[PDB]
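Novice: The structure under discussion is supplied below as structure tokens; questions concerning it will follow.
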Amino acid sequence: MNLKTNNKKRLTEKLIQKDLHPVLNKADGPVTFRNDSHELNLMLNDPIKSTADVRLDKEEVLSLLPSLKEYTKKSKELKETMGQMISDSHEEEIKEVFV
Amino acid sequence: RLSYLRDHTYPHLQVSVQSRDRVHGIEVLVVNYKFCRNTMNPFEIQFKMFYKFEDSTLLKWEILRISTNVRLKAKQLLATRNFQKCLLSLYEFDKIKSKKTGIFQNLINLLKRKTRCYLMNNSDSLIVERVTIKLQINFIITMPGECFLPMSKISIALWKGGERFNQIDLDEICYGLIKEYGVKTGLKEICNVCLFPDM
Amino acid sequence: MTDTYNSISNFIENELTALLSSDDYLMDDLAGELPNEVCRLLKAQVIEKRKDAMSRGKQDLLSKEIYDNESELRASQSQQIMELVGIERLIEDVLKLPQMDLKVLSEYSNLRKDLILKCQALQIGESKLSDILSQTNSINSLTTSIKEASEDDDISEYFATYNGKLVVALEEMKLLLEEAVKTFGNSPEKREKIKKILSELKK
Amino acid sequence: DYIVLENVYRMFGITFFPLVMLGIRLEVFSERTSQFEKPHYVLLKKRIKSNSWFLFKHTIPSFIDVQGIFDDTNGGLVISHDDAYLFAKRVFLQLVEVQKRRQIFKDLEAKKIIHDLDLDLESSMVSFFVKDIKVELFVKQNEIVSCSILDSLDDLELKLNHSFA
Amino acid sequence: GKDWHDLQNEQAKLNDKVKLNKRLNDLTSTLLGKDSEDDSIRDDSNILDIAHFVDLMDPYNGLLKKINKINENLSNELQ
Amino acid sequence: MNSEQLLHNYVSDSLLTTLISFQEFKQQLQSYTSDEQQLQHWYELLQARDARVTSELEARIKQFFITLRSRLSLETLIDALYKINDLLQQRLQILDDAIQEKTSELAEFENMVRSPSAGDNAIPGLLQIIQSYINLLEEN
């Protein structure tokens, strides 16, 4: 209880960090996040779990899983294959000429 | 009695029964359900279902016709053979799409003067260009896999004009900004960082 | 065990000697930019306020408290690692095992790094699979859509003749619009036709 | 006439019955038995001096909290009915995962792998008899935290049959 | 009890947000003075592309059904 | 709340600006010296020196901490760690095998819906029809 009151002034001296806009609103900020994470069913871009002084070697990860190297090239083949199929449709031209 | 459960329990939903019939013990119901949130292009669905008239039990349920908007989206959903995961997962989809388009429209209203801002997809992706910095906020609503609720996946993508930066670190940035702000003020802080003339 | 606390005590005394040499470093930094008599006076106020701040008993008490905290940290480490002798619980217990008989220690560190790599790649692959599952779900929905729509099971040629149907529908629309323009010629009829054309085109 | 209308209203599983006040009615449809669950009633009262809803009466089991989660959204600002729908959705998700666990227990009982059971209100100290070794398990939400063998919750069926042979 | 848990959460989130503030300082220096993505670890273009792909050529909605619902309606209004 | 910030509290309260403020030696150097305006300058010099000693102290503190924790049954955990290493790679093989089926599915779909046809020829017809429709709408 007493150490919590000792920590409140730590919050006050903390909240004057070097940022003009993005630290000047959280003086109902995180409770808004916990309110709309469930209302939108929001789990956003989930951060990768703690590095713990070991750098996130993506090269070692792609070496350990050989499937994703084929998945990305199959996806690239699909995209380059039928983006041209989109370009033969003129949906944007129709949307421009109508609305 | 009727009016409160008609509208305030499930806002922007149109419920209406089409036909009732009784055979001999099975009772057949034909009904249509319309989610009228996006009134520019609303979407409805029609079902045919069966009871006993005592201990009302759904033996079989079949799809008569779905509206043109969601007849593909409500087909991968409707393979679970469970209505409570098929009609509690459509209203939430409609509400999530409404919140997505409302957030994007409110972000247009705060950037249409200084910068330029449009929608790359129908309502999924929003692109803001300034000065020549570019920001793109993606709001993906995809159906449950085959939990059961619709899947919302907020993403960001920032170009300085010449090149793209890393996605993992900006994802951590988005995580922090939404975490201590929320979806609206967090993205407002992100586009303020996109401006960064003073703040 | 007590040799660890002895080394902590000697390093604490070494850091106190570092602090007094740093005080002398204040003394010869302020020399030249300040008068040396002023330097001696401020040294005197350092003696009568700041020198007695590092009391001999207080630093040893702090060293003993640090040693006790390190011993209870080692005890807690032992408790978690002996619990770890016996899916997300595994990754959790791995990310709370600490970082460190030289060969066993080196191999522990090396395989600890190589196993943090596996633990990280686990949720990397999990997120990738969660994306690809939704992709395949939408693709399968489209394929069964075109399968039971035409009821002909020739959906491979459906994506090749869509351009022809598209352009003949556009040609029929153009002919109908030209006939309406050359036939009706009325402002309200043209306004209603334009409204009906632009209503379902995008909205 | 109206009877089919309350059936249409009740198939959802979340309904709000007006009162002079509110009442949230919750039911979970079972896919196996093709029948609804017991109706859970949450009679919700509005504060006069604070202008915010608070719990008056609950028919929830003691395992599921309707107060801690109730103040977990919007900082207790439950004035809007959207936040009430959020609370209803969260407790419905908890109810359907608890019902899934109970249905797994009932399915494993119907498979006759074990003997007669005694299910509790919290689905933690559910006891059953095995041919030689009677095992008690301390289990959280879809997760066993202790397997007290003396003589993922679904993954039990992965390994208990392994213990059976 | 709960107080020590709150203190532990505090000590965690302080270093979290100061690392965050250093990352915002680094990106602000990068942006005003001038990080890249050239791999396949987590990229979001796939699902956006697929969701556009299916909605453009949906045999139920697509464009051909919309263009048909335009032109046959116009013919009905004309004839 | 561990021992390193205990050292930080022990060094921060024994730093010169703490209970010896600017006004303190300002009053102590009123008639003692003549450089009254340079007291402030020496004061930001004091903050600079304090600021980089309070950054270089962490180097030695964390160096000795990692040295003592590096010098901290014993060989029993090695076999368990190989057990965990063999468990998780086989566990990830399941996800890799699940990904292989999906990527083969999408690769089959991509060649199933490819149409090496005259899309550009139809594109000119659609553009001409759109231009005629635009002309008619402008005339409307």
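Note on naming: chains are A, B, ... as they come in the structure tokens, residues start from 1 per chain, ligands start from 1 in the order shown.
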At a cut-off of 7 Å, which residues of chain C touch chain B? Count only C-alpha atoms and give the answer as an MDAnalysis selection string.
Specialist: chainID C and resid 133:134 137 141:142 145 203
Novice: Should the cut-off be 9 Å, what would the residue list for chain B against chain E look like, counting only C-alpha atoms, as a PyMOL selection string?
Specialist: chain B and resi 67-72+121-122+124-125+138+140+142+155+160+163-169+172-173+176+193-194+196
Novice: Keeping only N, CA and C atoms, take the residues you just selected and write them out as a compact mmCIF listing (two decimals), in the first residue's frame.
Specialist:
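The result, stored in part_10.txt:
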# COMPACT_ATOMS: atom_id res chain seq x y z
N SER B 67 -28.66 -13.83 -49.84
CA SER B 67 -28.55 -12.62 -50.64
C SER B 67 -27.22 -12.57 -51.38
N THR B 68 -27.18 -11.73 -52.42
CA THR B 68 -26.07 -11.73 -53.37
C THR B 68 -24.77 -11.28 -52.70
N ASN B 69 -24.87 -10.49 -51.64
CA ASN B 69 -23.68 -9.92 -51.00
C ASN B 69 -22.83 -10.99 -50.32
N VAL B 70 -23.46 -11.85 -49.53
CA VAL B 70 -22.74 -12.75 -48.63
C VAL B 70 -22.97 -14.21 -48.94
N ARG B 71 -23.47 -14.54 -50.13
CA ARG B 71 -23.76 -15.94 -50.46
C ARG B 71 -22.50 -16.79 -50.55
N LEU B 72 -21.34 -16.16 -50.77
CA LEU B 72 -20.08 -16.88 -50.68
C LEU B 72 -19.51 -16.86 -49.27
N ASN B 121 -8.96 -1.25 -51.05
CA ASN B 121 -9.95 -2.31 -51.19
C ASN B 121 -11.34 -1.70 -51.03
N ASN B 122 -12.37 -2.55 -50.91
CA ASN B 122 -13.73 -2.05 -50.74
C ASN B 122 -13.89 -1.31 -49.42
N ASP B 124 -11.49 -2.80 -46.73
CA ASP B 124 -10.51 -3.51 -45.92
C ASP B 124 -9.25 -2.68 -45.69
N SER B 125 -8.75 -2.01 -46.72
CA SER B 125 -7.49 -1.30 -46.65
C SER B 125 -7.70 0.19 -46.89
N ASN B 138 -4.63 -1.80 -42.77
CA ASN B 138 -5.41 -2.94 -43.23
C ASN B 138 -6.30 -3.45 -42.10
N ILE B 140 -8.69 -6.62 -41.77
CA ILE B 140 -9.09 -7.86 -42.42
C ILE B 140 -10.10 -8.57 -41.54
N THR B 142 -11.87 -12.04 -41.70
CA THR B 142 -11.93 -13.34 -42.35
C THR B 142 -12.69 -14.33 -41.47
N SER B 155 -3.59 -4.46 -39.32
CA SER B 155 -2.20 -4.39 -39.73
C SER B 155 -1.88 -2.99 -40.22
N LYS B 160 8.27 5.32 -46.65
CA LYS B 160 8.77 6.69 -46.66
C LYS B 160 8.64 7.35 -48.02
N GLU B 163 10.91 3.33 -50.00
CA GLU B 163 11.08 1.95 -49.58
C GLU B 163 10.18 1.66 -48.38
N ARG B 164 9.96 0.37 -48.16
CA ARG B 164 9.21 -0.17 -47.04
C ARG B 164 10.17 -0.54 -45.90
N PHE B 165 9.73 -0.34 -44.66
CA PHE B 165 10.50 -0.77 -43.50
C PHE B 165 10.09 -2.17 -43.08
N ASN B 166 10.65 -2.62 -41.96
CA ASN B 166 10.35 -3.96 -41.45
C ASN B 166 8.91 -4.04 -40.97
N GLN B 167 8.34 -5.24 -41.02
CA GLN B 167 6.95 -5.42 -40.62
C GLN B 167 6.87 -5.84 -39.16
N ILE B 168 7.86 -6.59 -38.67
CA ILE B 168 7.82 -7.10 -37.30
C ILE B 168 7.96 -5.97 -36.29
N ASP B 169 8.92 -5.07 -36.51
CA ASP B 169 9.11 -3.96 -35.59
C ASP B 169 7.94 -2.98 -35.61
N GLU B 172 5.26 -4.48 -33.60
CA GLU B 172 5.44 -4.22 -32.17
C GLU B 172 5.04 -2.79 -31.82
N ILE B 173 5.33 -1.84 -32.72
CA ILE B 173 4.93 -0.45 -32.53
C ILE B 173 3.41 -0.33 -32.48
N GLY B 176 2.13 -1.76 -29.18
CA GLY B 176 2.24 -0.81 -28.08
C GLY B 176 1.23 0.32 -28.17
N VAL B 193 2.45 10.33 -36.20
CA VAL B 193 3.84 9.96 -36.48
C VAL B 193 4.11 10.00 -37.99
N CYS B 194 3.12 9.62 -38.80
CA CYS B 194 3.24 9.74 -40.25
C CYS B 194 3.42 11.20 -40.67
N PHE B 196 4.34 13.92 -38.33
CA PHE B 196 5.49 14.30 -37.50
C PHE B 196 6.10 15.64 -37.89
Novice: Considering only C-alpha atoms, tabulate each residue of chain E that lies at most 9 Å from chain F along with its nearest interatomic pair and the corresponding distance in Å to one decimal; arrange the rows by chain and ascending residue number and present them as JSON lines.
Specialist:
{"residue": "E:7", "atom": "CA", "partner": "F:1", "partner_atom": "CA", "distance": 8.7}
{"residue": "E:8", "atom": "CA", "partner": "F:1", "partner_atom": "CA", "distance": 8.0}
{"residue": "E:11", "atom": "CA", "partner": "F:1", "partner_atom": "CA", "distance": 7.7}
Novice: When you draw a straight line from atom CA of residue A:69 to atom CA of residue F:116, how long is it in Å?
Specialist: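 Between these atoms lies a distance of 26.2 Å.
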Novice: Restricting the calculation to only C-alpha atoms: of A:8, A:38, A:26, A:21, which residue gets closest to residue D:90?
Specialist: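 Between A:8, A:38, A:26, A:21, the residue approaching residue D:90 most closely is A:38.
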Novice: With a distance cut-off of 7 Å and only C-alpha atoms, select the neighbouring residues of stretch 134-143 of chain D, excluding the residue or stretch itself and same-chain residues fewer than 5 positions from it, and output the selection as a ChimeraX atom specification.
Specialist: /D:101,124-125,127,129,148-153
Novice: Considering only C-alpha atoms, return as a PyMOL selection string whatever protein or nucleic-acid residues lie within 12 Å of residue B:113, sequence-local ones (same chain, fewer than 6 positions apart) excluded.
Specialist: chain B and resi 107+128-130
Novice: I need the residues from that last selection saved to file as a compact mmCIF listing (two decimals), in the first residue's frame (with N, CA, C and O atoms), if you can.
Specialist:
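For reference, part_38.txt as written:
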# COMPACT_ATOMS: atom_id res chain seq x y z
N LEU B 107 -11.37 8.44 -39.95
CA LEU B 107 -9.98 8.77 -40.25
C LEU B 107 -9.86 9.57 -41.54
O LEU B 107 -8.94 10.39 -41.68
N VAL B 128 -3.26 6.45 -46.92
CA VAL B 128 -3.07 7.88 -46.72
C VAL B 128 -1.71 8.27 -47.30
O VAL B 128 -0.69 7.66 -46.97
N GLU B 129 -1.70 9.28 -48.16
CA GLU B 129 -0.47 9.81 -48.71
C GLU B 129 -0.31 11.26 -48.30
O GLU B 129 -1.28 12.04 -48.32
N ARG B 130 0.92 11.62 -47.92
CA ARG B 130 1.23 12.97 -47.45
C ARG B 130 2.54 13.42 -48.08
O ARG B 130 3.38 12.60 -48.47
Novice: Pull the closest atom pair for each residue of chain D that gets at most 12 Å from chain A, along with the distance in Å to one decimal, counting only C-alpha atoms, ordering rows by chain and then ascending residue number, as a Markdown table.
Specialist:
| residue | atom | partner | partner_atom | distance |
| --- | --- | --- | --- | --- |
| D:69 | CA | A:35 | CA | 10.8 |
| D:70 | CA | A:35 | CA | 10.9 |
| D:71 | CA | A:35 | CA | 9.9 |
| D:72 | CA | A:35 | CA | 7.4 |
| D:73 | CA | A:35 | CA | 4.5 |
| D:74 | CA | A:35 | CA | 5.1 |
| D:75 | CA | A:31 | CA | 6.1 |
| D:76 | CA | A:31 | CA | 9.8 |
| D:77 | CA | A:35 | CA | 10.1 |
| D:78 | CA | A:35 | CA | 10.8 |
| D:82 | CA | A:39 | CA | 8.5 |
| D:83 | CA | A:39 | CA | 8.1 |
| D:84 | CA | A:39 | CA | 10.6 |
| D:85 | CA | A:39 | CA | 8.8 |
| D:86 | CA | A:39 | CA | 6.0 |
| D:87 | CA | A:39 | CA | 9.3 |
| D:88 | CA | A:39 | CA | 10.9 |
| D:89 | CA | A:39 | CA | 8.8 |
| D:90 | CA | A:38 | CA | 7.8 |
| D:91 | CA | A:38 | CA | 11.6 |
| D:93 | CA | A:38 | CA | 11.0 |
Novice: Distance cut-off 7 Å, counting only C-alpha atoms - which residues of chain F neighbour chain A? Return them as a list in words.
Specialist: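 Output check: residues 96, 99, 100, 103, 107, 110, 114, 119, 120, 123 and 134 of chain F.
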Novice: Could you save those same residues with N, CA, C and O atoms as a PDB file, in the first residue's frame?
Specialist:
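Output file again-v7.pdb is given in full below:
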ATOM      1  N   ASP F  96       4.811 -28.199 -40.117  1.00  0.00           N
ATOM      2  CA  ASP F  96       5.391 -28.176 -41.458  1.00  0.00           C
ATOM      3  C   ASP F  96       4.622 -29.086 -42.414  1.00  0.00           C
ATOM      4  O   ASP F  96       4.351 -28.708 -43.564  1.00  0.00           O
ATOM      5  N   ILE F  99       1.426 -27.394 -43.319  1.00  0.00           N
ATOM      6  CA  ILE F  99       1.644 -26.310 -44.271  1.00  0.00           C
ATOM      7  C   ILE F  99       1.864 -26.849 -45.685  1.00  0.00           C
ATOM      8  O   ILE F  99       1.428 -26.223 -46.663  1.00  0.00           O
ATOM      9  N   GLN F 100       2.528 -28.007 -45.812  1.00  0.00           N
ATOM     10  CA  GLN F 100       2.804 -28.577 -47.133  1.00  0.00           C
ATOM     11  C   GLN F 100       1.521 -28.883 -47.902  1.00  0.00           C
ATOM     12  O   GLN F 100       1.428 -28.602 -49.105  1.00  0.00           O
ATOM     13  N   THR F 103      -0.104 -25.516 -49.046  1.00  0.00           N
ATOM     14  CA  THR F 103       0.595 -24.827 -50.127  1.00  0.00           C
ATOM     15  C   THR F 103       0.506 -25.613 -51.432  1.00  0.00           C
ATOM     16  O   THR F 103       0.446 -25.014 -52.512  1.00  0.00           O
ATOM     17  N   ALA F 107      -1.148 -24.082 -54.765  1.00  0.00           N
ATOM     18  CA  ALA F 107      -0.427 -24.186 -56.030  1.00  0.00           C
ATOM     19  C   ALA F 107      -1.272 -24.878 -57.093  1.00  0.00           C
ATOM     20  O   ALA F 107      -1.208 -24.522 -58.275  1.00  0.00           O
ATOM     21  N   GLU F 110      -3.923 -22.225 -58.192  1.00  0.00           N
ATOM     22  CA  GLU F 110      -3.389 -21.142 -59.014  1.00  0.00           C
ATOM     23  C   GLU F 110      -3.286 -21.555 -60.477  1.00  0.00           C
ATOM     24  O   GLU F 110      -3.581 -20.764 -61.381  1.00  0.00           O
ATOM     25  N   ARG F 114      -5.729 -20.267 -63.769  1.00  0.00           N
ATOM     26  CA  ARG F 114      -4.997 -19.477 -64.749  1.00  0.00           C
ATOM     27  C   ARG F 114      -5.625 -19.645 -66.129  1.00  0.00           C
ATOM     28  O   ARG F 114      -6.092 -20.729 -66.494  1.00  0.00           O
ATOM     29  N   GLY F 119      -6.824 -11.764 -72.817  1.00  0.00           N
ATOM     30  CA  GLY F 119      -7.455 -10.831 -71.897  1.00  0.00           C
ATOM     31  C   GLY F 119      -7.386  -9.395 -72.382  1.00  0.00           C
ATOM     32  O   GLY F 119      -8.312  -8.610 -72.164  1.00  0.00           O
ATOM     33  N   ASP F 120      -6.283  -9.033 -73.046  1.00  0.00           N
ATOM     34  CA  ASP F 120      -6.112  -7.666 -73.527  1.00  0.00           C
ATOM     35  C   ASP F 120      -7.056  -7.341 -74.676  1.00  0.00           C
ATOM     36  O   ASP F 120      -7.462  -6.184 -74.838  1.00  0.00           O
ATOM     37  N   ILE F 123     -10.153  -6.557 -73.027  1.00  0.00           N
ATOM     38  CA  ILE F 123      -9.912  -5.309 -72.309  1.00  0.00           C
ATOM     39  C   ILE F 123     -10.190  -4.127 -73.228  1.00  0.00           C
ATOM     40  O   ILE F 123     -10.793  -3.135 -72.791  1.00  0.00           O
ATOM     41  N   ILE F 134     -19.797   6.261 -71.112  1.00  0.00           N
ATOM     42  CA  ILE F 134     -19.463   7.572 -70.561  1.00  0.00           C
ATOM     43  C   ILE F 134     -20.000   8.677 -71.457  1.00  0.00           C
ATOM     44  O   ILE F 134     -20.516   9.692 -70.974  1.00  0.00           O
TER      45      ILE F 134
END
Novice: With 6 Å as the cut-off and only C-alpha atoms counted, what is the closest atom pair between each nearby residue of chain C and chain F? Distances in Å to one decimal, ordered by chain and number, as JSON lines.
Specialist:
{"residue": "C:66", "atom": "CA", "partner": "F:3", "partner_atom": "CA", "distance": 5.6}
{"residue": "C:85", "atom": "CA", "partner": "F:80", "partner_atom": "CA", "distance": 5.9}
{"residue": "C:100", "atom": "CA", "partner": "F:70", "partner_atom": "CA", "distance": 4.8}
{"residue": "C:156", "atom": "CA", "partner": "F:112", "partner_atom": "CA", "distance": 5.8}
{"residue": "C:159", "atom": "CA", "partner": "F:113", "partner_atom": "CA", "distance": 5.8}
{"residue": "C:160", "atom": "CA", "partner": "F:115", "partner_atom": "CA", "distance": 5.0}
{"residue": "C:167", "atom": "CA", "partner": "F:126", "partner_atom": "CA", "distance": 5.6}
{"residue": "C:174", "atom": "CA", "partner": "F:133", "partner_atom": "CA", "distance": 6.0}
{"residue": "C:190", "atom": "CA", "partner": "F:140", "partner_atom": "CA", "distance": 5.9}
Novice: Do you have the atom CA of residue D:35-atom CA of residue D:5 distance handy?
Specialist: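 Pair atom CA of residue D:35 / atom CA of residue D:5 returns 17.9 Å.
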Novice: Residues of stretch 20-54 of chain C in helix (DSSP H, G or I) according to DSSP, as a ChimeraX atom specification?
Specialist: /C:20-30,36-53
Novice: Can you write out as CSV which residues of chain C fall within 10 Å of chain E, alongside each residue's closest atom pair and its distance in Å to one decimal, counting only C-alpha atoms and ordering rows by chain and ascending residue number?
Specialist:
residue,atom,partner,partner_atom,distance
C:121,CA,E:41,CA,9.8
C:124,CA,E:41,CA,7.3
C:125,CA,E:41,CA,8.8
C:127,CA,E:42,CA,8.0
C:128,CA,E:42,CA,7.0
C:131,CA,E:47,CA,7.4
C:132,CA,E:47,CA,8.3
C:134,CA,E:47,CA,7.9
C:135,CA,E:47,CA,6.2
C:136,CA,E:50,CA,9.5
C:138,CA,E:51,CA,7.7
C:139,CA,E:54,CA,7.6
C:141,CA,E:54,CA,9.2
C:142,CA,E:54,CA,6.6
C:143,CA,E:54,CA,9.7
C:145,CA,E:59,CA,7.1
C:146,CA,E:59,CA,6.1
C:147,CA,E:59,CA,9.8
C:149,CA,E:59,CA,7.2
C:150,CA,E:59,CA,8.8
C:158,CA,E:59,CA,9.3
C:159,CA,E:57,CA,8.3
C:162,CA,E:64,CA,8.1
C:163,CA,E:64,CA,9.4
C:165,CA,E:64,CA,7.4
C:166,CA,E:64,CA,5.8
C:167,CA,E:64,CA,9.3
C:168,CA,E:64,CA,9.9
C:169,CA,E:68,CA,6.6
C:170,CA,E:67,CA,7.3
C:171,CA,E:71,CA,9.7
C:172,CA,E:71,CA,7.2
C:173,CA,E:71,CA,4.9
C:174,CA,E:71,CA,8.6
C:175,CA,E:71,CA,9.5
C:176,CA,E:75,CA,6.4
C:177,CA,E:74,CA,7.9
C:179,CA,E:78,CA,8.7
C:180,CA,E:78,CA,6.7
C:183,CA,E:78,CA,9.1
C:184,CA,E:78,CA,8.4
C:189,CA,E:77,CA,9.3
C:192,CA,E:77,CA,9.5
C:193,CA,E:74,CA,6.8
C:194,CA,E:74,CA,9.5
C:196,CA,E:70,CA,7.1
C:197,CA,E:70,CA,5.7
C:198,CA,E:70,CA,8.5
C:199,CA,E:70,CA,8.7
C:200,CA,E:66,CA,6.5
C:201,CA,E:66,CA,6.4
C:202,CA,E:66,CA,8.6
